[PDB]
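Presented below is the structure to which this report refers.
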Amino acid sequence: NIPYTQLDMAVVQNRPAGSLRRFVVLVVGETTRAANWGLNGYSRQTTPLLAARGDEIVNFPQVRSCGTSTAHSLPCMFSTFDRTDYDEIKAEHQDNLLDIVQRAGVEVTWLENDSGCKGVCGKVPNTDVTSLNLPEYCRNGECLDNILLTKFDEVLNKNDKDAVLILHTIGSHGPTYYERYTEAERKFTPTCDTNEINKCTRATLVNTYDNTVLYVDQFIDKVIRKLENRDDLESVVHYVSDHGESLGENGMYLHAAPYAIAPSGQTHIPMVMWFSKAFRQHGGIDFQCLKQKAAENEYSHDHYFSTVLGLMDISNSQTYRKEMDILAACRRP
Ligand SMILES: [Zn+2]
Ligand SMILES: [Zn+2]
Ligand SMILES: [Zn+2]
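To convert, count from 1 in the sequence shown and add 210; that's PDB author numbering.
As structure tokens, this is what we get:
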């Protein structure tokens, strides 16, 4: 019974003349938390493939989520609203980040493997891959995230337009944490190989969760592998989780704790970025500047909206905020 507000009706892309195609992948993580992320100095190396890439990967050790649950964080991070002003009803009744990006002429595709896109993806091309139920990847109606990679090349090769591809993963979601990885990532043992996580010790729970992080690491790595040798493409891979998780600290499990009293495990989330050779050469970013800002500054889901607009060279936007675009402070005139 309330009015919908279309936003940013003037947007266009303003790519430099003669530009290469720009292809951006937004990996939307799930449940993975900052405190168990190798690149953040966690005592275990849960991110070996990203770590081995050294400064090719920009890591952000101080990032906070908008919510402690998926249905809160996803619409909030894709909305113009910052956490402190976010309102579910207001956000549902206006254009979101992807509606605006698509209007600007960018090819947006959403690939879903996490039980639903929470109303964010309906107006752009979207496919839920979980129903494929491939025996290689899937059991009990959930699938290992690598299933998303089976549909990646089709999006990459669809046409020559600049693109934003969202890969919405199941990541570290519990209580079936054991389903989130394979034998190749089962490095921390013993494990809790049941949904009844109360029947496991919290040490074995942490082990199992850390193995899920190894799978996140290899997933991001495989996405980078699809793009890093495409010298004719300016590609960016951005990863951020939706929220963290509690692993029995003070008797707290799972997530969705009320934001104000939520433990740091649920609000402090990992975020990384990777940039292709052509992007680094032509994209205008000062990478030493960026490395320093990533290390020193606190960021949040609030930065997501304008960072993504900035990655597509979207001009004539009223919703864009240069101060909330992570890269703008390091972007050359
Ligand atoms: Zn309504
Ligand atoms: Zn959940
Ligand atoms: Zn979630």
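Here a beta-carbon is modelled for each residue, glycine too, at the ideal position from N, C-alpha and C.
- Beyond the five residues adjoining it in sequence on each side, residue 288 comes within less than 8 angstroms, by CB distance, of 306, 307, 308, 330, 514 and 515 in the same chain, given in chain order.
- Contact between residue 337 and residue 381 is absent: CB atoms are separated by about 18 angstroms, not below the 8 angstroms threshold.
- The beta carbon of residue 280 sits closer than 6 angstroms to at least one heavy atom of ligand 2.
- The straight-line gap separating the alpha-carbon atoms of residue 508 and residue 446 is approximately 21 angstroms.
- With a cut-off of 6 angstroms, the C-beta of residue 389 is classified as distant from ligand 3, since no heavy atom of the ligand falls inside that distance.
- Between residue 472 and residue 313, the alpha-carbon positions lie close to 37 angstroms from each other.
- Cβ-Cβ distances below 8 angstroms link residue 248 to 254, 255, 256, 257, 258, 260, 261, 423 and 427 in the same chain, with the five nearest sequence neighbours on each side left out; the list follows chain order.
- Check the Cα spacing between residue 450 and each of 244, 399 and 351: the tightest is with 244.
- Residue 418 carries a helical assignment under DSSP once its states are collapsed to helix, strand and coil.
- Our two residues, residue 300 and residue 290, have alpha carbons roughly 10 angstroms apart in a direct line.
- In the DSSP assignment, residue 398 falls outside any beta strand (DSSP E), carrying neither H nor E.
- In the DSSP annotation of this structure, residue 404 is not part of any alpha helix (DSSP H), being labelled neither H nor E.
- According to DSSP, residue 375 shares a beta bridge with 235 and 319.
- Within the same chain, Cβ atoms closer than 6 angstroms to the Cβ of residue 340 are found at 323 and 353, the five residues on either side in sequence being excluded.
- A contact between stretches requires three or more CB pairs, one per stretch, nearer than 8 angstroms, and the segment 268 to 275 meets this requirement with the segment 476 to 485.
- Contact check for residue 479 against residue 325 fails: the beta carbons are separated by 7 angstroms or more.
- Restricted to the segment 283 to 333, the alpha helix (DSSP H) segments that are unbroken, complete and at least 4 residues in length are 298 to 302 and 307 to 313, listed in chain order.
- For residue 337, the enclosing beta strand (DSSP E) covers residues 336 to 338.
- Annotated three-state conformation of residue 270 is coil, per DSSP.
- Taking a cut-off of 8 angstroms on C-beta distances, the segment 461 to 470 does not touch the segment 224 to 232, as fewer than three cross pairs fall below it.
- In this structure, residue 316 places its C-beta atom within 7 angstroms of the C-beta atom of residue 522.
- Beta-bridge pairing by DSSP links residue 214 to no other residue.
- Residue burial is scored here from C-beta neighbours: residue 411 has fewer than 16 other C-beta atoms within 10 angstroms and is therefore classed as exposed.
- The Cβ neighbour count for residue 344, taken over all protein chains shown within 10 Å, is under 16; the residue is labelled exposed.
- For residue 443, the enclosing beta strand (DSSP E) has its first and last residue at 443 to 450.
- Annotation: residue 386 to residue 311 spans about 35 angstroms, alpha carbon to alpha carbon.
- Using a cutoff of 6 angstroms, the CB of residue 380 does not count as near ligand 1, since none of the ligand's heavy atoms is closer than that.
- In this structure, residue 338 has its beta carbon at no less than 6 angstroms from each heavy atom of ligand 3.
- Scanning its chain for C-beta atoms nearer than 8 angstroms, with the 5 sequence neighbours on each side dropped, one finds around residue 219 the residues 313, in chain order.
- Taken atom to atom, the span from the alpha-carbon of residue 415 to that of residue 398 is near 10 angstroms.
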